[PDB]
Amino acid sequence: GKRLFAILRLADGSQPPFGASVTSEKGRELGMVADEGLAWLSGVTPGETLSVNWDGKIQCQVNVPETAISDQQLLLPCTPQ
Ligand SMILES: [Co+2]
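Using my numbering, the first residue of the sequence shown is number 1182, and each one after it goes up by one.
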């Protein structure tokens, strides 16, 4: 499964800001965070680690479940490195 509807929230409960970028381990930009911490991600690999970037910096990372499949909405807890 490769396209994910990701609900992003940090460990502290906050939301990554509107306009943050989400990148794969490889460094590819799979999507951008919209409002309310929602990010549609393209070409995601199940099991990989994504980084969420804003303010010119990796702010936190998420672990895409190995069981992720296409068009799945899932919570991705974003934890600071
Ligand atoms: Co860019």
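All C-beta atoms in this analysis are idealised placements derived from N, C-alpha and C, irrespective of residue type, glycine included.
Nearest-angstrom Cα separation, counted from residue j out to residue i
i: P1197; j: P1227; result: 21 angstroms
i: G1237; j: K1183; result: 26 angstroms
i: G1224; j: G1194; result: 26 angstroms
i: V1243; j: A1192; result: 10 angstroms
Paired residues, beta bridge with residue i - DSSP
i: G1212; result: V1203
i: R1184; result: Answer by DSSP bridge pairing: none, since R1184 is not bridged.
i: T1230; result: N1244
i: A1220; result: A1187 and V1214
i: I1239; result: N1234
Delimiting residues of the beta strand (DSSP E) encompassing residue i
i: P1258; result: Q1253 to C1259
Which residues end up in the neighbourhood of ligand 1 when you take C-beta atoms closer than 7 angstroms to any of its heavy atoms?
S1202 and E1210
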